[PDB]
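Every read-out reported here was derived from the displayed coordinates using simple, explicitly stated rules and does not represent laboratory data. Backbone-built Cβ (ideal geometry, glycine too); neighbour counts: all protein chains shown.
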RNA sequence: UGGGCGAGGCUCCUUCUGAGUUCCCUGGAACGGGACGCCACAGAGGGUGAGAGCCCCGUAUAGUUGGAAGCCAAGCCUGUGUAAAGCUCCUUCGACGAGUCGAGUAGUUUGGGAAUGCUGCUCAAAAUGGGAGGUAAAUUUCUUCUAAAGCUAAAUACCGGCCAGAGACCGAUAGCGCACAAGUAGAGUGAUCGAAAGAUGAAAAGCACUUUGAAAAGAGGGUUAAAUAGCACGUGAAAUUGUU
RNA sequence: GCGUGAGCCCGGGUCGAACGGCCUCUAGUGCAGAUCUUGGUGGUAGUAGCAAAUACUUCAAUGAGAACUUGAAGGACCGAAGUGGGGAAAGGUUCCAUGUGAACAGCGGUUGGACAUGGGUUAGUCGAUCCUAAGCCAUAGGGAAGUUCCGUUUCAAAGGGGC
RNA sequence: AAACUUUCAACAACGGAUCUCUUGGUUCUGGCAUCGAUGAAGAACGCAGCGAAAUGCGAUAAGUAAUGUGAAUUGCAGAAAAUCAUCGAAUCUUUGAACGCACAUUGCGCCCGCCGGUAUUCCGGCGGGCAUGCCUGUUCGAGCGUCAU
Ligand SMILES: [Mg+2]
Ligand SMILES: [Mg+2]
Ligand SMILES: [Mg+2]
Ligand SMILES: [Mg+2]
Ligand SMILES: [Mg+2]
Ligand SMILES: [Mg+2]
Ligand SMILES: [Mg+2]
Ligand SMILES: [Mg+2]
Ligand SMILES: [Mg+2]
Ligand SMILES: [Mg+2]
Ligand SMILES: [Mg+2]
Ligand SMILES: [Mg+2]
Ligand SMILES: [Mg+2]
Ligand SMILES: [Mg+2]
Ligand SMILES: [Mg+2]
Ligand SMILES: [Mg+2]
Ligand SMILES: [Mg+2]
Ligand SMILES: [Mg+2]
Ligand SMILES: [Mg+2]
Ligand SMILES: [Mg+2]
Ligand SMILES: [Mg+2]
Ligand SMILES: [Mg+2]
Ligand SMILES: [Mg+2]
Ligand SMILES: [Mg+2]
Ligand SMILES: [Mg+2]
Ligand SMILES: [Mg+2]
Ligand SMILES: [Mg+2]
Ligand SMILES: [Mg+2]
Ligand SMILES: [Mg+2]
Ligand SMILES: [Mg+2]
Ligand SMILES: [Mg+2]
Ligand SMILES: [Mg+2]
Ligand SMILES: [Mg+2]
Ligand SMILES: [Mg+2]
Ligand SMILES: [Mg+2]
Ligand SMILES: [Mg+2]
Ligand SMILES: [Mg+2]
Ligand SMILES: [Mg+2]
Ligand SMILES: [Mg+2]
Ligand SMILES: [Mg+2]
Ligand SMILES: [Mg+2]
Ligand SMILES: [Mg+2]
Ligand SMILES: [Mg+2]
Ligand SMILES: [Mg+2]
Ligand SMILES: [Mg+2]
Ligand SMILES: [Mg+2]
Ligand SMILES: [Mg+2]
Ligand SMILES: [Mg+2]
Ligand SMILES: [Mg+2]
Ligand SMILES: [Mg+2]
Ligand SMILES: [Mg+2]
Ligand SMILES: [Mg+2]
Ligand SMILES: [Mg+2]
Ligand SMILES: [Mg+2]
Ligand SMILES: [Mg+2]
Ligand SMILES: [Mg+2]
Ligand SMILES: [Mg+2]
Ligand SMILES: [Mg+2]
Ligand SMILES: [Mg+2]
Ligand SMILES: [Mg+2]
Ligand SMILES: [Mg+2]
Ligand SMILES: [Mg+2]
Ligand SMILES: [Mg+2]
Ligand SMILES: [Mg+2]
Ligand SMILES: [Mg+2]
Ligand SMILES: [Mg+2]
Ligand SMILES: [Mg+2]
Ligand SMILES: [Mg+2]
Ligand SMILES: [Mg+2]
Ligand SMILES: [Mg+2]
Ligand SMILES: [Mg+2]
Ligand SMILES: [Mg+2]
Ligand SMILES: [Mg+2]
Ligand SMILES: [Mg+2]
Ligand SMILES: [Mg+2]
Ligand SMILES: [Mg+2]
Ligand SMILES: [Mg+2]
Ligand SMILES: [Mg+2]
């Protein structure tokens with residue numbers, strides 16, 4: 001249950017914020033879990049998804065399909081996975097939009113920025129665990 | 001509560017208990033105490049004898065605290 | 001008339017430039033709801049007030 | 001423009017009057033209200049009794 | 001139009017009363033705001049009580065003649081008899097009323113005794129800690145159980 | 001009167017106002033029927049709440065007034081973030 | 001009696017946050033059902049292909065990473081009585097607001113009644129004087145203040161402005177006129193007047209191709225869980241109409 | 001199927017995401033009327049009608065389709081106070097070229113002032129601009145609680161020529 | 001007997017009710033005090049690779065600087081972030097209380113300075129200025145209003 005006066009449990013406000021969030025907020029909204037191996041390696045549970053990540057689909061009709069994230073369409077709150085596609089009437093191939101929360105990240109695109117992120121998350125989680133274990 | 005009122009029982013009955021001949025018009029007889037010395041004189045004389053007129057003298061700027069003396073019996 | 005002021009000529013220019021159908025690629029955008037130009041004006045239908 | 005304005009601010013440093021575009025734009029009312037020192041000025045009569053009888057720090061035991 | 005045995009109606013709603021209706025849906029919120037303001041001002045007056053010392057006063061009329069209550073402030077005569085300087089009284093939590101007079105020795109003596117008890121219970125911190133003066137509490141009796149509500153600790157004992 | 005008289009309608013009582021832009025500037029009186037130009041004060045009446053709200057503040061761009069709340073929130077500060085190029 | 005520090009605390013910005021996507025069935029898709037687990041100072045809310053605490057954002061808690069320095073502040077360090085300031089007593093003195101008060105009259109206003117305030121005109125003061133003391137007047141007392149100059153937080157009004165949180169409210173003829181390129185389209189010379197109008201599907205996957213037709217389209221065929229969901233799109237009543 | 005009844009329940013079809021029973025609480029709670037409001041739809045009814053301005057015809061081309069497109073020929077009208085050639089007000093792109101499904105042109109339409117895509121307005125000499133008219137608005141002043149009214153040379157210290 | 005009319009039923013039409021939904025209203029509560037001659041509110045006209053409108057912006061024009069985040073935007077094209085957040089530096093057309101005089105005119109002037117045309121005088125280009133009421137001060141003045149030599 002919410003307590004803080006700054007937090008609001010209004011369904012209307014929550015939906016408005018979600019569906020009119022700017023691109024930077026949509027980045028955080030479109031987070032995906034890490035695989036078990038990456039989670040053990042980095043002590044990080046979830047991260048915002050990025051183009052060039054390798055993911056495995058764990059929900060929907062395309063379960064168990066793996067591939068590289070080729071586009072993160074924030075405007076449509078979906079991602080595009082390599083070879084996870086569909087055919088139009090003309091036979092032309094179009095990507096299928098997958099929500100990032102329906103996939104798991106099996107391999108991460110890592111550059112100092114993507115990593116300062118992981119170090120911050122790991123340090124925060126470790127500190128919180130230590131403080132709770134005091 | 002509205003569900004206990006007689007208007008709910010009057011639904012389906014034209015004139016809502018106000019009659020067909022007399023029709024619940026706006027203000028027959030006048031507003032408030034109109035016609036006290038006239039068409040309403042019969043009521044104002046049967047009840048409230050002494051409604052009209054002056055009796056007694058005036059006290060400008062009466063301060064009620066001057067007359068404070070509550071009484072108790074033995 | 002042939003005699004025009006610059007202000008009147010400029011406003012006629014603006015009306016002429018606004019008198020057009022909507023671009024076709026607009027209707028292909030995600031979340032689009034514009035079907036047609038709803039503010040279209042014709043010289044025989046609606047008189048512009050100068 | 002930024003370089004020119006920085007140079008102009010350096011030039012007009014420690015000068016009594018500087019151009020309006022270089023003057024700070026807070027608000028009309030903010031620019032018109034009394035300065036801090038003028039608003040805090042007090043009479044000598046007030047200052048004497050403020051010196052000799054200020055609000056004290058005190059406690060009252062139960 | 002009266003129709004039966006009714007009390008004669010005199011409801012003053014012949015103006016546009018709906019234009020000036022004052023509801024009070026903000027009563028609990030206003031109470032919360034008042035409590036917050038009280039807490040803030042008590043914190044600001046950190047060791048001091050949140051109010052000023054008031055004198056005992058007899059209500060004016062022949063009604064309420066029998067009851068006493070709190071007044072506005074102590075008179076100059078009361079302060080002089082208690083030995084508290086006029087300019088020093090309002091700076092140590094004592095309310096001063098320059099326009100009230102002591103027409104009776106009873107009220108004068110009661111208020112003087114009240115002031116003397118307050119002065120006996122007063123703890124006066126020095127203006128500068130490193131050089132206390134002779135009129136300040138000398139740092140040893142400066143620790144005691146204090147009161148922050150003079151309206152309760154110095155109320156009307158028997159109105 | 002009627003149809004035949006409507007054919008003589010080829011003049012203009014009102015032209016475009018420079019202040020409000022409406023075609024309400026009386027060409028002979030040279031006074032705007034909407035905004036009251038050229039009077040200094042904008043014409044506004046309390047018996048037309050609709051007319052008041054059609055041109056009250058907020059119905060236009062608010063080129064300058066929309067930036068005031070942010071400057072107030074930050075305290076009408078000046079200068080640059082400690083550590084800024086330039 | 002002047003100056004300067006000031007631990008420490010409260011602020012502010014910023015980093016960070018627990019737990020299943022385990023097995024079986026239905027389904028296009030589990031977020032449904034069944035089984036077995038976990039977290040909970042978090043089972044508020046929202047999204048995700050159907051009712052998700054553990055898929056994601058957030059949610060609880062005081063903390064913490066780094067930073068700016070806004071406030072308060074225990075206590076310290078240090079000037080100094082020429083000057084200035086308070087108190088205790090006192091013979092004496094003791095300035096105090098003028099076309100103002102007040103009076104008459106007129107108008108208005110008030111609960112204010114032989115006149116409550118205000119204003120116009122006329123008269124026009126005094127020095128224990130003056131005002132008031134809710135019945136007009138003369139006389140004699142008493143009580144209470146001290147007008148005709150001025151400043152001043154708070155408790156009070158207000159949802160107009162900017163933010164925020166809510167509801168036994170309304171649910172597209174309702175709720176603001178406006179859930180939409182709405183004070184818009186449009187009307188009027190003008191002041192002004194002023195609408196209608198939300199919903200395919202999880203995803204356009206928005207029907208390739210063949211055939212008939214001048215074309216619009218039709219018939220096959222295709223997509224979809226579904227096309228009698230085909231942009232005249234959720235459901236699809238009645239009035240009214242066609243065929244059987 | 002139940003109930004005297006308002007109604008309640010079930011079977012079948014359609015459909016696609018929420019909903020109901022019981023006891024209390026609550027109300028913007030029950031429609032045939034109000035020349036009721038908004039919206040939709042009928043009979044009338046393929047009906048009234050589409051009849052002022054003298055009028056059309058032949059061949060050919062185009063086209064799916066031609067009385068009202070075009071070419072040629074014929075027959076006619078307006079008959080210089082024109083159905084002619086140019087302007088003022090007013091309109092604003094209707095002007096020109098190309099193309100054209102639907103809608104509009106109360107019949108049709110291959111045509112169009114329609115729709116779509118592109119073009120088009122060249123000034124020392126023509127106008128505005130300059131002048132003053134009826135008149136309007138300032139100023140100095142004077143009214144008005146004031147929005148503002150009078151005032152236009154008036155009870156004003158109101159300017160331009162040279163070395 | 002058909003047709004026609006009517007009644008009943010199935011299917012198909014017409015129409016948009018019903019159900020369910022809701023980035024919207026409405027009402028209450030809490031916090032805050034910040035427009036403008038340093039040119040506001042409002043109006044006009046423009047600005048995108050492909051836009052008419054809405055939104056945003058002002059010839060630095062669907063925006064520039066700066067800070068933070070950290071890889072998009074997306075209808076197509078393109079390229080090597082962003083239609084991102086924040087926002088303290090700037091730009092900010094014609095107007096508008098609107099200010100050289102006007103304005104139903106993109107009208108007509110004057111002053112200073114620079115650059116050209118033979119140029120203090122005319123023409124052209126560029127930049128900066130020229131409203132009113134009032135206050136303080138400055139300077140130049142008027143008056144037998146008045147004072148001494
Ligand atoms: Mg009956
Ligand atoms: Mg009746
Ligand atoms: Mg009768
Ligand atoms: Mg009756
Ligand atoms: Mg009324
Ligand atoms: Mg005429
Ligand atoms: Mg003017
Ligand atoms: Mg506008
Ligand atoms: Mg979490
Ligand atoms: Mg299955
Ligand atoms: Mg859901
Ligand atoms: Mg399950
Ligand atoms: Mg959930
Ligand atoms: Mg006085
Ligand atoms: Mg008087
Ligand atoms: Mg009097
Ligand atoms: Mg009088
Ligand atoms: Mg009178
Ligand atoms: Mg009056
Ligand atoms: Mg009176
Ligand atoms: Mg008396
Ligand atoms: Mg007294
Ligand atoms: Mg005064
Ligand atoms: Mg006073
Ligand atoms: Mg005052
Ligand atoms: Mg509505
Ligand atoms: Mg509707
Ligand atoms: Mg409406
Ligand atoms: Mg119009
Ligand atoms: Mg619909
Ligand atoms: Mg099928
Ligand atoms: Mg169906
Ligand atoms: Mg369907
Ligand atoms: Mg349907
Ligand atoms: Mg039917
Ligand atoms: Mg559904
Ligand atoms: Mg009702
Ligand atoms: Mg009905
Ligand atoms: Mg009835
Ligand atoms: Mg109707
Ligand atoms: Mg009809
Ligand atoms: Mg016929
Ligand atoms: Mg006829
Ligand atoms: Mg005929
Ligand atoms: Mg004919
Ligand atoms: Mg042919
Ligand atoms: Mg013909
Ligand atoms: Mg003839
Ligand atoms: Mg002839
Ligand atoms: Mg002639
Ligand atoms: Mg011609
Ligand atoms: Mg002609
Ligand atoms: Mg004309
Ligand atoms: Mg043509
Ligand atoms: Mg053609
Ligand atoms: Mg036709
Ligand atoms: Mg046709
Ligand atoms: Mg055609
Ligand atoms: Mg053809
Ligand atoms: Mg056209
Ligand atoms: Mg000429
Ligand atoms: Mg000219
Ligand atoms: Mg002239
Ligand atoms: Mg005038
Ligand atoms: Mg004057
Ligand atoms: Mg029957
Ligand atoms: Mg239909
Ligand atoms: Mg509904
Ligand atoms: Mg500007
Ligand atoms: Mg100027
Ligand atoms: Mg100026
Ligand atoms: Mg002219
Ligand atoms: Mg010249
Ligand atoms: Mg030269
Ligand atoms: Mg020049
Ligand atoms: Mg210039
Ligand atoms: Mg000077
Ligand atoms: Mg002189």
Chain lengthening between residue E:141 and residue E:27 when straightened (0.36 nm per residue, less Cα-Cα): 36.7 nm
Using alpha carbons only: equivalent-ellipsoid semi-axes of chain C, gyration tensor based, whole Å: 30, 12, 8
Largest-first principal axis extents of the Cα set of chain D (Å): 68, 31, 23
Where labels lie 7 Å past Cα in the beta-carbon direction, separation of residue F:84 and residue E:91 in nm: 4.7 nm
MRE, 222 nm, helices only [DSSP H, n ≥ 4, -39500 (n - 2.57), over chain E, to nearest 500]: -9000 deg cm²/dmol
Shielding by partners - mean other protein chain Cβ count within 10 Å, residues of E:1-12: 4
Shape call, region E:88-130: gyration tensor on alpha carbons, a/c limit 1.5: oblate
Rg/Rh (Cα only; Kirkwood hydrodynamic radius) as it applies to chain B: 1.26
Angle between chain A longest axis and helix A:112-133 axis [Cα atoms, degrees, rounded to 10]: 40 degrees
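Is there a simple number for the mean count of other chain Cβ atoms within 10 Å of the Cβ of residues in B:44-50, and what is it? Can you show the working numbers first?
Details: counts 2, 0, 2, 6, 5, 0, 0.
Shielding by partners across B:44-50 averages 2.
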Two-site label geometry, residue F:72 and residue F:27: point separation in nm, points 7 Å out along Cα→Cβ: 4.6 nm
Three principal axis lengths of the protein assembly as shown [C-alpha, angstrom, descending]: 111, 91, 69
Distance cut-off 13 Å, percentage of C-alpha pairs in region F:1-50 lying past it: 63 percent
Degrees between helix E:105-121 axis and first principal axis of chain E (Cα, 0 to 90, nearest 10): 60 degrees
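Given that compact globular proteins tend to follow 2.2 N^0.38 Å, what is the ratio of the alpha-carbon Rg of region E:22-106 to that value?
Values: Rg = 17.6 Å, N = 85, 2.2 N^0.38 = 11.9 Å.
For region E:22-106, the normalised Cα radius of gyration is 1.48.
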Inter-label distance, nm, simple model (7 Å from Cα along the C-beta direction), residue E:156/residue D:51: 4.5 nm
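Take every residue in peptide A:57-68, count the Cβ atoms of other chains within 10 Å of its Cβ, and give the average of those counts. Each step should come with its number before you reach the end.
Numbers: counts 0, 0, 0, 0, 0, 0, 0, 0, 0, 0, 0, 0.
The shielding value for this peptide is 0.
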Taking all pairs of distinct alpha-carbon atoms in chain F, Kirkwood radius in angstrom: 17.4 Å
Cα gyration tensor shape of chain A, rounded if a/c is under 1.5, else prolate or oblate by comparing a/b with b/c: oblate
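Which number comes out as Rg/Rh for region A:24-91 once both Rg and the Kirkwood Rh are worked out on C-alpha atoms? Let's see the in-between values first.
Details: Rg = 13.4 Å, Rh = 13.2 Å.
We get a ratio of 1.01 for region A:24-91.
If I take every Cα pair under 8 Å that is 6 or more residues apart in chain A, average their sequence separation and divide by the length, what percent do I get for the relative contact order?
Details: 182 pairs, mean separation 31.1, N = 134.
Result for chain A is 23 percent.
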Modelled FRET efficiency - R0 22 Å, residue C:42 with residue F:10, Cβ distances, 0.05 increments: 0.55
Using alpha-carbon coordinates, inclination of helix E:27-44 to the longest axis of chain E, degrees: 10 degrees
Highest-fluctuation residue, B:32, B:50, B:17 considered, GNM on chain B with Cα pairs under 10 Å: B:17
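What translational diffusion coefficient, in µm²/s and rounded to a whole number, does the Stokes-Einstein relation yield for region E:2-159 at 10 °C and a viscosity of 1.306 mPa s, taking the hydrodynamic radius as the Kirkwood radius over Cα pairs? Show your work: numbers first, answer last.
Values: Rh = 19.8 Å.
It diffuses with D of about 80 µm²/s by this estimate.
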